[PDB]
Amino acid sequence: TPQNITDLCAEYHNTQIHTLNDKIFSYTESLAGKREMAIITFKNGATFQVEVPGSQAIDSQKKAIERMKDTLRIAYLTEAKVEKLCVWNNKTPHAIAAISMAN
């Protein structure tokens, strides 16, 4: 079991870590058919998504995806500093896999 976001991120193919150390600049949410998703942006121009849950994803996956959207919304609204994001680069915008917060 990884004990940090960098090592967790490295367990997967087509991932990379972004180190932001900054609050979220914008939060976008859609319930539109086939776009049940969330997009956040940082003031440096970086844009990321929380991907739509897939065709019958398992229970743990669907719960974590909803948890991550919960987390980004509350982080944005409270101006909580985001330390790092682990994202999949085979999507556009890059898709969030994990987030770390410190400070």
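Position 1 is the first residue in the sequence shown; the rest follow in order.
Mean C-alpha B-factor is higher over 28-36 than over the other stretch, the pair under comparison being 63-71 and 28-36. As recorded in the entry, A57 carries the highest CA temperature factor of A57, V50, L77, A46. Annotation for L20: CA B-factor lies in the highest third of the chain's modelled residues. In the deposited entry, the Cα temperature factor of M101 places it in the middle third of its chain's modelled residues. The PDB entry assigns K91 a C-alpha temperature factor belonging to the highest third of its chain's modelled residues.
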